[PDB]
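Next up: a single chain in structure tokens, the form deposited in one PDB entry.
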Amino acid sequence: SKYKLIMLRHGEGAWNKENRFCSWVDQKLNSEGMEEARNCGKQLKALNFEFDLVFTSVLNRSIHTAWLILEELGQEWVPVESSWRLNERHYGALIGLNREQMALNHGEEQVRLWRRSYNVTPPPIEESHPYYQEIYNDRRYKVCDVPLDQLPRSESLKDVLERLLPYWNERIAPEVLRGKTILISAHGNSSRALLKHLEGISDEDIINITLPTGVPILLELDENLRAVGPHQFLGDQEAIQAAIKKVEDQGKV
């Protein structure tokens, strides 16, 4: 049969205000990020969505986004399942740096390639990074399918897809085949990776997809779990276009 699922990326926290690369640092939502989640929830309630399962990353800003949506829906009882495989892209040594400053030191166009291209890998994160130990000693990164030493230290979009797709295949997609209505609370680049796979977007074209924060993304799938058309945003068409331009402008002088 036809299938329908919602994906979204969370709203803003402090480092978004400061225009810093956040990636695997576990920054909390701020007050307006929490409101963005509630607005998604209200939108989803206005369309009478009834979720059967929620999938999230292990970064708390994506879990809190999911809890906030469920509360607006009166669906706090719906199962939630979290995996590092949905984490934001690991940005290596760019973690914590200002974007517009990078665009100064290397050009607007080196920055765009670092952020949106499919294949270029960021400089790895090194033991001298102020947040190295906070990331890799965190107990949430033990309980899994990969030894702590084989966790990544930086990721291209391609690397994201390769550790994300096994989770889609083994956990998410079988529930979709089952007929359940699913919510994915993830991140900018882990959602771009999933969209690239489901929509058959080229290595070249994925560069041009920028996802707005805190906005529901409706995806329709066919009986082979491929997209029927392009992903669609729920909410006002202009306000969303302005919101996309914002994320694009973080990397511009």
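When you see a residue number, it is the position in the sequence shown, counting from 1. Basically, rigid core = biggest C-alpha set you can superpose within 1.5 Å across the two forms.
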Checklist entry - Once you work out the mean C-alpha B-factor for both 179-187 and 111-119 from the entry, which is higher? => result 111-119
Item to check | Stretch with the greater mean C-alpha B-factor as recorded in the entry, comparing 84-92 against 149-157 | outcome: 149-157
Checklist outcome for this item: Chain thirds by Cα B factor, record data; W168 belongs to the middle
Next on the checklist: Based on the deposited C-alpha B factors for this chain, I'd like to know if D52 is in the lowest, middle or highest third.
Outcome noted: lowest
Checklist outcome for this item: Here the Cα B-factor of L5, set against its chain, lands in the third termed middle
Checklist entry - Lowest, middle or highest third: where is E71 by C-alpha B factor in its chain? => result middle
Checklist outcome for this item: Quick tally, chain-level thirds of C-alpha B-factors: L225 sits in the middle
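This next part talks about the form deposited in another entry, which is not shown.
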Checklist outcome for this item: Out of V80, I182, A103, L161, the position with Cα displaced 2 angstroms or more between this form and the one not shown on rigid-core fit is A103
Checklist entry - Hey, does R116 budge by 2 Å or more at the Cα between this form and the one not shown once the core is superposed? => result yes
Next on the checklist: After a rigid core superposition, would you say the CA of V25 moves by 2 angstroms or more between this form and the one not shown, or not?
Outcome noted: no
Checklist entry - Where do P216 and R116 end up in the other entry, Cα atoms closer or farther than shown, with a change of 3 Å or more? => result farther
Item to check | Cα distance between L104 and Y132, which in the other entry differs by 3 Å or more from this form, closer or farther | outcome: closer
